[PDB]
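Colleague: After the structure tokens below, expect a handful of questions from me.
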Amino acid sequence: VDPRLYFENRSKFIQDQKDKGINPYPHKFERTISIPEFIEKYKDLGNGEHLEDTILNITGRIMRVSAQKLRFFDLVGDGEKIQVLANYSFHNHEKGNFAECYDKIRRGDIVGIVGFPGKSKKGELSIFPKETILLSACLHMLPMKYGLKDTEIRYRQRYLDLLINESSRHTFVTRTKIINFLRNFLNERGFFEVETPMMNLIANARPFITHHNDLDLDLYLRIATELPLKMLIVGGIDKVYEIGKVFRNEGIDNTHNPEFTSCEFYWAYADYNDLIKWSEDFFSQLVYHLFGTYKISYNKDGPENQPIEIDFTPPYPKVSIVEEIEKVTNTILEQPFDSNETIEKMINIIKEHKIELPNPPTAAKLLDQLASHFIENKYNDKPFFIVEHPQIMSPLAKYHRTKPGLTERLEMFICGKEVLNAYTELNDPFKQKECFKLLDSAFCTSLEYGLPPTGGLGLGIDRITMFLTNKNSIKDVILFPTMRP
Amino acid sequence: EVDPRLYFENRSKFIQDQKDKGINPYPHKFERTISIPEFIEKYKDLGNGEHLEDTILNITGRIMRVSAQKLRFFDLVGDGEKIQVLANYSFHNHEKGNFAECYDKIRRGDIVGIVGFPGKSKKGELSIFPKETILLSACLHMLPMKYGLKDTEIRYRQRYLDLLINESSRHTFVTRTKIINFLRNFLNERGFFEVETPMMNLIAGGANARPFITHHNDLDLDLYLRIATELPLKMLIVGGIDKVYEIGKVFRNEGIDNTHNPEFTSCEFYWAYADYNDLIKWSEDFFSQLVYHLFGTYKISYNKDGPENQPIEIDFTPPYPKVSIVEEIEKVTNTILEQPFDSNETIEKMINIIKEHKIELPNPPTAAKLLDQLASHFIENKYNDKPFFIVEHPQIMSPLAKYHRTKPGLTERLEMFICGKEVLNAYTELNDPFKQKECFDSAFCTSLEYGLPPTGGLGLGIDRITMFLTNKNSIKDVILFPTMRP
Ligand SMILES: C[C@H]1CCC[C@H](C[C@H]2Cc3cc(O)cc(O)c3C(=O)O2)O1
Ligand SMILES: C[C@H]1CCC[C@H](C[C@H]2Cc3cc(O)cc(O)c3C(=O)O2)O1
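First to last, the protein sequences are chains A and B.
So the first sequence is residues 78 to 144, 147 to 282, 286 to 520, 535 to 581, counted in the deposited numbering.
So the second sequence is residues 77 to 144, 147 to 518, 536 to 581, counted in the deposited numbering.
Have a look at this one:
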């Protein structure tokens, strides 16, 4: 019962049985059935009923072991479990002696089993092996039920987590049918999945640097998928999307990972109205798809504290950033914008409310600060859009038709943090401040080639999974989060 | 022929002159009744010269051709198909603007919204008759012709041109997407579980390929881009996901050629309680069913040589030939290599073989890479008419694969080849920690200590397969934005 000594004992076990000719790691075991299939077929039987003349070969890992004439194990696989009832009478003795063969089995051992299904004495569904073979041996003591969490090796060694905690398994299953539902959701609308370079010549933001040796160029990992997708829009693909890894060099956080999965799509002849309805539809239908209801409960502060219900029933509240800033601070900010006096105006708003006064105090920064202290968590109760950002804050999104100095842009916040960001792209090459005379330039040139009016959108899939799987950290919804050794 | 530069200038001037008149050359929203392929489908079979004059639609498109009175013709393309735009003076709504100038404004490459009614030309091909046509997004360049692209840098560098003009290219990439979709669904239907793995590992590259190196500054940690998805996936098999797979980008740093590029999409899966016979049936089934899915037949024509040159026909009808590598080498060279293997005598023997026969190039002389080289010359190009397996590689050549049951010094391993190129790689994983050579990465060797079931695993170059199914001699053709020096 000292895990190092246990490890040593089991290693020695392995070799002295290899010495007897028995191989503890056999090459192949033909599998007739899987534990869930097993359950589904045989779940309805009488209590104490055996069916002894259909012989099955089933496999799994032994997660519970209990002990002359009988042995009970708990065999698990595919996140589900059946009991293993070994009877002396049914055992095929010529394969090996009963005692010796079933004494070799320890918890965590992966075994093949030849036997017949039936339910137990009072009829818990079980398989009765005529013989039990060791497919792979576990050399370590598996941590017990609550042995992990806090742990945090759980991120380092994930397999242990997936074995012991069901919640993580369930979490990841959920993650991939979130992505599944997203991909299908898009595909059904005629969207087109593509792959875009992860190493680009030009990369404004905080990148990684990598180097190709023989091409002898230093390249940067992508901060987003946007530009080449828009170039694809220019190319005749008018509905296009990509689900892929994106990279940023900034610091790690609860909600931040250097490596995060994003879904960015571009949609021709659509503006942020169709994008908003797209968001409402997607999130509503997704939440209903998972939970059979639009209402979910999410624990923001710990598990130990009162959750908050989040209602994904559409439509979601839309808040003009500037307007409600102007209403709450009760000053008329602008007329637009960065503009000297208004700067000063904004700055004083920042000081009296004892907010950060971020430096350098340019206008965009001040607007971001103001907008987030005031607006960003205004509504927790459900996802809400922050709309019509100033176009000093958004030198991509096209100018708002009616409201000048603003953009057509929407940013969807769930539970105080950013999830979705979508805007109508600016297709006028003369109105893009970014294109300079003497890559990104390929996008500007493609822009000279007449990109149609198009709305774009991008997603937080890691964070979305966080909220839908009810987790407070991004590392819980990621299989192997990046960590320092 | 006109000069491109001042054409560009001319319509830039056009654009802001149009802005000076209050007109917006880049409108915010055009709302669309119908998309061109839907248009096509609905109205194809209208009688010649038939006209639905009560039905008014708003349709968008890009102008790819223009004819010069009171009558105008265009080719409106979108979503891969084409309708003609018949602008009749008598039909055109004059209240919005003058016919002449409104339609003298439109020139090739422009993206226009069109409000008008469907019909068919008296000559009998489908047409949209605008009562009104508005400019959505203007194109400032002449655009090239079917001459313009292939063969060219800008076919790759400016991709949108390739997709617009060539009309072959986007069929290619559609195909790539249908390949990958078909693969994902193919795996999903078998109870496989898609996952996402780190693209950045502390693990370096591998003996075969140099690593891409990057650095995370705040953790002050040197990270290496993944050369394969294998290790975390196998760790997931330890974790209780018995059928797992990932389709994603994979990074190798070696040189660039037609069949190789540094950043390529691969698909790798791991299958518990499966041995490679399951894997070969899997390979044969995937490829057979796939080729039939796309082409309606099991045989496809690929040009091993250039387009001018005679294409060979490849037959994907299973089962495919299995060729034991060492034994085949022995049979063709008519020398008995081994018994095993890296024997100084045997290494010498192999060298003598390569130089004496082929004058094929010796290399830094590892026994493994020797075997690989002789294999490369002799066996690989044997079958170009059918996809074929090179099977049972010696374990010196394959550290990860499990030992062959009945044959010493060999592994249970397959490698599938199309036209002499390496498409698919699979083997039965070696789950014994003590048998394992590396354990004498650490996280994987430790994963084995909690036990890993008998598993088998496979990986797919997607880009190459896409080449062979889309008939391309270079991988740069099936990758949307290939990497090139500017
Ligand atoms: C592509 C964008 C669109 C807006 C929401 C979301 C923002 C994104 C920012 C971001 C930055 C970072 O360094 C690490 C991360 O995990 C994230 C994230 O998940 O959310 O995804
Ligand atoms: C995952 C693997 C399995 C075997 C086929 C294929 C091999 C791979 C080799 C390879 C190496 C390299 O440095 C650059 C490349 O573009 C490729 C490739 O396309 O195919 O994919």
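In this text, a Cβ means the ideal position worked out from N, Cα and C, and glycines have one as well.
1) For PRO289/A, which of helix, strand or coil comes out of DSSP?
2) Is it the case that the Cβ atoms of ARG87/A and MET579/A are separated by a distance below 8 Å?
3) For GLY123/A, which residues of its own chain have a beta-carbon under 8 Å away from its beta-carbon, when the five flanking residues on both sides are left out?
4) From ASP79/A to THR541/B, what does the alpha carbon distance come to, in whole angstroms?
5) Is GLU332/A near ligand 1 - that is, is its Cβ less than 7 Å away from at least one heavy atom of it?
6) Would you call the region 125-144 of chain A and the region 322-331 of chain B in contact, with 3 or more CB pairs under 8 Å?
7) Measure the C-alpha to C-alpha separation of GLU423/B and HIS338/B and round it to an integer number of angstroms.
8) Curious, which full-length alpha helix (DSSP H) runs of at least 4 residues does the region 166-238 of chain B contain?
9) Under 6 Å Cβ to Cβ from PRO208/B, same chain only, skipping five residues before and after it: list those, please.
10) When every heavy atom of ligand 1 is checked, does at least one fall within less than 7 Å of the C-beta of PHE342/A?
11) DSSP state of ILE258/A, grouped into three classes?
12) Should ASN509/B be flagged as near chain A, meaning a C-beta pair shorter than 8 Å?
13) Is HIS127/B close to ligand 2? I mean its beta-carbon at under 7 Å from any heavy atom of the ligand.
14) Output needed for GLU507/A: all residues of its chain with C-beta closer than 6 Å, excluding positions within five of it in sequence on either side, in chain order.
15) Any chance the region 113-128 of chain A sits against the region 153-170 of chain A, with 3 or more Cβ pairs inside 8 Å?
16) List the endpoints of the continuous alpha helix (DSSP H) containing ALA538/B.
17) Where DSSP assigns a beta bridge to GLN162/A, which residues make up the other side?
18) Tell me whether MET223/B is buried or exposed, calling it buried when 16 or more other Cβ atoms sit within 10 Å of its Cβ.
19) Assign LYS464/A to buried or exposed, taking buried as 16 or more other Cβ atoms, counted over all protein chains shown, within 10 Å of its Cβ.
20) To the nearest angstrom, report how far apart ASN568/B and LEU227/A are at their CA atoms.
21) Taking C-alpha atoms, which residue in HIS455/A, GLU493/A, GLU386/A lies nearest to residue 595/A?
22) Please name the residues in the region 327-356 of chain B whose beta-carbon is closer than 7 Å to at least one beta-carbon of chain A, in chain order.
23) Compare the C-alpha of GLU405/B against each of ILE414/B, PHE177/B, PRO397/B and name the closest.
24) Would you tell me roughly how many angstroms separate the C-alpha atoms of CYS497/B and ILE390/B, rounded to the nearest one?
25) Cβ of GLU544/A versus every heavy atom of ligand 1: is any distance shorter than 7 Å?
26) From the DSSP output, in three-state form, read off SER111/B for me.
27) Is the separation between the beta-carbon of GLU341/B and that of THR343/A shorter than 8 Å?
28) Tell me, please, whether the CB atom of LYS480/A is closer than 8 Å to any CB atom in chain B?
29) Using a C-beta to C-beta distance shorter than 9 Å, which residues of chain A count as neighbours of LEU241/B?
30) Can you list, in chain order, the stretches of the beta strand (DSSP E) that have 3 or more residues and sit fully within the region 351-404 of chain B?
31) For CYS217/A and chain B, any beta-carbon pair shorter than 8 Å?
32) Just tell me which of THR255/A, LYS256/A, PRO103/A has its CA closest to the CA of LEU213/A.
33) Could you name the residues of the region 354-373 of chain A whose beta carbon sits closer than 7 Å to any beta carbon of chain B, in the order they occur along the chain?
34) Who are the near neighbours of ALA504/B in its chain, counting only those whose CB is closer than 6 Å to its CB and skipping five residues on each side?
35) Please classify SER476/A: is it buried, with 16 or more other beta-carbons within 10 angstroms of its beta-carbon, or exposed?
36) According to DSSP, what are the bridge partners of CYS345/A?
Modeller: According to the structure shown:
1) In the three-state DSSP reduction, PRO289/A falls in the coil class, being neither helix nor strand.
2) no
3) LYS198, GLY202
4) 18 Å
5) yes
6) No, because fewer than three Cβ pairs between the region 125-144 of chain A and the region 322-331 of chain B fall closer than 8 Å, the two stretches do not touch.
7) 35 Å
8) 177-182, 232-235
9) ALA165, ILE192, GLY194
10) Here the distance from the Cβ of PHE342/A to the nearest heavy atom of ligand 1 is below 7 Å.
11) helix
12) yes
13) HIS127/B Cβ: outside cutoff for every heavy atom of ligand 2.
14) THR550, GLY552
15) yes
16) 537-542
17) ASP153/A, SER205/A
18) So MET223/B ends up on the exposed side.
19) buried
20) 53 Å
21) With chain A running from 78 to 581 in the structure shown, residue 595/A is simply not present.
22) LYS327, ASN331, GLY333, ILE334, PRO340, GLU341, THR343, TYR351, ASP353
23) Out of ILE414/B, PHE177/B, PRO397/B, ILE414/B has the C-alpha closest to the C-alpha of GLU405/B.
24) 9 Å
25) no
26) Here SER111/B sits in coil by DSSP.
27) no
28) yes
29) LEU314, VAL316, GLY317, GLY318, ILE319
30) 377-380, 390-393, 400-402
31) yes
32) Selected option, being the one with the closest Cα: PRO103/A.
33) Here the close residues number zero.
34) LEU357, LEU492, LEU553
35) buried
36) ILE325/A
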